[PDB]
Every structure is written in structure tokens, then in C-alpha cells.
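Trainee: Structure, please.
(chains A, B, C, D, E and F)
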Amino acid sequence: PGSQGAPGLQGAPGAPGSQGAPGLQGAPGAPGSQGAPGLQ
Amino acid sequence: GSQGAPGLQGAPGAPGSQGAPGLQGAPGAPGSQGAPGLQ
Amino acid sequence: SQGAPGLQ
Amino acid sequence: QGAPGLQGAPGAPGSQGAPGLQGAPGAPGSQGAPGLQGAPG
Amino acid sequence: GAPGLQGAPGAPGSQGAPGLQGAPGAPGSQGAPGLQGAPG
Amino acid sequence: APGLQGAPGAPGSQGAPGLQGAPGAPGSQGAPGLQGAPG
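Mentor: Residues are numbered from 1 along each chain as shown, chains lettered A, B, ... in the order given. I have put the structure below:
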């Protein structure tokens, strides 16, 4: 009589199945072509 | 006969709840190689 | 097996 | 019900979530630049 | 009548996070063959 | 009276992750002339 077999209480996985870890970005924007401003 | 409700719960805690960032730090900068070619 | 298996 | 739990609602195929962000992209081409004054003087 | 059922859960293709989808193809730029030596 | 096997009322659906976009080749474009003009 006490509850008719809750099927996985509709689902177990809580926080598991959420954000896992911060990203590192496609690439921290690659600096342009720097170097020598040859002159003088 | 009964069967209770032992079931583990929490599935809603993982409803595709992605947290991995979408966009941040994308662009860069340093690119003036010789733009100051200055004669 | 009446109300639950000693764990929710 | 006369089938606790019971077959229930099918479906755990897994939506084909969008592929992660692009790989290392780049405007296809070589950043060429013509040189400088040629004949020195 | 038939206490139970769902022995196989409905239709779980994976029940979680199937294989990752086709990663976008990042464009391929090339190096910076910028200013070159100017013998002239 | 069958079993309640499988998953909560049948399976818990989900979403296939996405493969991190295929790389490319970062860089820059230009005309790599050896000299703009002889002096």
C-alpha cells in the first residue's frame, strides 16, 4: 500500500549532467603581427 | 503489493544544465609589428 | 514491502 | 496503476547537441606584405 | 493487473549525452609573410 | 506483475554532446612582396 514502485523517482541524475568545468575559449584572441617597426 | 518509492531522484538536476561558458576572452590584440615603420 | 525499502 | 512504474514514456535517445565551439579558425591566407624600398640609394 | 512493466525504459537511445555532434570546421588562415627584405 | 526495469516510466531522455568545432588555421593574409618598390 505504501507507494507503488517509484520508477527512479522519474530520474536520479541531479547535478551530474550539469556544468562540468570552465572553458579555455576557442583561442584567447591571437595578437596581430607585432615585432619590428623598422625605420630610421 | 505496495512497492514503495525507493527511486533515486535528481534527474531534473541534469536537464542538459550546461555551464561551460559560451563566449569570453574571444578577441586578442598585439599586432603592430612595424606599423611604426617611421622612415 | 509496504511503504519503502528503508531509503528515500 | 496495475503496473507500477510500467513501460512509461520512451525516449532517451539523446538530442544531438550542437558540436562544441569551432576549432582554431583563421581567415585562410598568408599575411604577406610587400617589402620596403628596394634599390638602397 | 501487471504490477511493474517498463523492464526496458521506453526508448533510450543513450539515456544520456549521446556522441558529440559534428564539430564546426574552423577556417584555416595562414601565417604573416609580411614585409620582406627589399634589395631592389 | 512485471518488473519496473529500464528507467523512470521508460527511459530518461537526453542530448548528445557536441564535438568541439573542428579547428582551422588561424593566421593573417597579405601580399608578401619582397619590396614595395626599389629605392
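Trainee: got the residues of chain D near chain F?
Mentor: D:3-41 (C-beta under 8 Å from any C-beta of the partner chain). Backbone N, C-alpha and C define where each C-beta goes, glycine included.
Trainee: Just give the nearest non-adjacent residue to residue 15, would you?
Mentor: Went with chain A since none was named. residue B:13 (5.1 Å; C-beta to C-beta, 6 or more residues apart in numbering or on different chains).
Trainee: um, chain D though
Mentor: residue F:15 (3.5 Å).
Trainee: Could you double-check that the one you found sits in contact with residue B:16?
Mentor: Yes: assessed by C-beta atoms under 8 Å, residue F:15 is found in contact with residue B:16 at 5.0 Å.
Trainee: So what's the residue count around the residue in chain A that chain F sits nearest to?
Mentor: Closest residue of chain A to chain F, C-beta to the nearest C-beta: residue A:8 (3.6 Å). When neighbours are counted by other C-beta atoms under 10 Å in any protein chain shown, residue A:8 registers 25.
Trainee: OK, contacts around it?
Mentor: Counting by C-beta atoms under 8 Å, 6 or more residues apart in numbering or on different chains, residue A:8 touches B:7, B:8, B:9, B:11, F:7, F:8, F:12.
Trainee: repeat that for 6 Å
Mentor: Shown in contact with residue A:8 (C-beta atoms under 6 Å, 6 or more residues apart in numbering or on different chains): B:7, F:7, F:8.
Trainee: gap between the residue nearest to residue A:15 and chain D?
Mentor: To chain D, residue B:13 is 16 Å away according to C-beta to the nearest C-beta, to the nearest Å.
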